[PDB]
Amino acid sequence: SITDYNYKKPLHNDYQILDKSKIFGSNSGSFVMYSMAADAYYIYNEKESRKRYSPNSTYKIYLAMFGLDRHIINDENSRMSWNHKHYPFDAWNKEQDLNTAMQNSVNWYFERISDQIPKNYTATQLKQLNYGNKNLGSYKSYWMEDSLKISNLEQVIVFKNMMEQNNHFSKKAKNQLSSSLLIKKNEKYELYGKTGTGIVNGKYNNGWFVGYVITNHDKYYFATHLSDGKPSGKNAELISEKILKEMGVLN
């Protein structure tokens, strides 16, 4: 418990320390990036990057994966009916498929998936995935400012590993997941990712943007965590991109 807020495991890869404090501006947090080609990490604010926070809606990545893996949703049909309950966001108040669910961060879609998953499966997956503190707690919205916590550095390690390694997870699962995460594509690059936002007492307190970039030459996994300032998922995306552009990943 006293070491379950911190990822202490030393890196067995080359790594560089960046200074993107100018881009982060009045916001506080960290940025991590992995380069498939260099098998190397690029970290800004490694202290913050090793502190564990709740994953918020970035966990939807893994919930989506579990749902595909247990045939809750599939490639032929991932649709779910709206229950006719009003939600704060209009995009939630309609039928969803994985793509629309993921793109609009429709909580109830993944909640409905979460309810059909046994706890021992979830716990087995987190173990094998090395997902943060691996702490399910009461097993009720555990990924939402609750027991489960992961570090910015681990977000990149766990995601890259799950996607790139020969897991029990199928290639078509990974591709379907990957489809649901595609944000931008042009001649130069494909950008994939997922935002996370936390709100406490009407104040943003926890902002994620986790994803990856495919170029012609390389492939990159990355994540931005915001802890103070204006720590929203959107602000995490904006910062991620201007860092990726200024580092010449998006050109």
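The first residue of the shown sequence is 1; numbering continues from there.
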{"property": "Between 23 to 31 and 181 to 189 (mean CA B-factor, as deposited), the higher", "result": "23 to 31"}
{"property": "Stretch with the higher entry mean CA B-factor, where the candidates are 116 to 124 and 155 to 163", "result": "116 to 124"}
{"property": "Selection by C-alpha B-factor (highest) of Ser240, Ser232, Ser227, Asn13", "result": "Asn13"}
{"property": "Residue with highest C-alpha B-factor in the PDB entry, from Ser49, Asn201, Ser54, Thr195", "result": "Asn201"}
{"property": "Chain third (lowest, middle, highest) by recorded CA B-factor, residue given as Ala101", "result": "lowest"}
{"property": "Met80 - Cα temperature factor, lowest/middle/highest third of chain", "result": "highest"}
{"property": "Third of the chain's Cα B-factor distribution that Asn107 belongs to, per the entry", "result": "lowest"}
{"property": "Modelled-residue ranking by C-alpha temperature factor, third containing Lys172", "result": "middle"}
{"property": "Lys134, C-alpha B-factor rank within chain (lowest, middle or highest third)", "result": "middle"}
